[PDB]
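Next up: just one chain, as structure tokens, the form deposited in one PDB entry.
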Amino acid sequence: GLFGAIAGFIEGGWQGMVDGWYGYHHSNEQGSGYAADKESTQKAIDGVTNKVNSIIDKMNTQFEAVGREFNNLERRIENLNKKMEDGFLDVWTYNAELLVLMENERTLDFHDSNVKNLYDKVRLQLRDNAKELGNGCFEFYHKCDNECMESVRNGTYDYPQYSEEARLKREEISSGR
């Protein structure tokens, strides 16, 4: 898509996250698992539900065809009557089909924008305490338990706290050993 996340640097989605659209995959000493972001998932749902209501609702009023009968010497206005009711149905069909096509695109690039924006919320929390792998994953330069991963999820993560352990682990890879 437009933002290069979905089917981008994150090739593939996680069959295993059955409790949200977007989320996390932690991996420490205690083990690993899936965890959905509570806040960003909800932000898109309200947006999609408002769009779905916005589209139905704008088609509130639309031409409603009516029966009219004409005799054998009212041929002209019989024809005027027909091309008019036809005309409006063509307009409102076109107005509808086109709106979905257009809001279908914007919907997909909304989700795309949402993944890429979750990736950057984390990247700009950790910075140099972790190394960017390029596949959408982060490898920490420090030790991080389950209450530490949680601090990243809900946005609690403390940078100066681990920055010393990370800056010493960075130097070890500088030496070679």
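One rule holds for the numbers: they count along the sequence shown, beginning at 1. We call the rigid core the largest set of C-alpha positions that still match within 1.5 Å between the two forms.
A second form of this protein, the form deposited in another entry, is not displayed here; the remarks below concern that form.
With the core fitted between the shown form and the other one, just one of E69, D145, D46, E39 shows a Cα displacement of at least 2 Å, namely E69. With the core held fixed, the Cα of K121 is displaced between the shown form and the other one by less than 2 Å.
With the core held fixed between the shown form and the other one, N104 has its Cα displaced by under 2 Å.
A movement of the C-alpha atom of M59 reaching 2 angstroms or beyond is seen between the shown form and the other one when the two forms are aligned on their rigid core.
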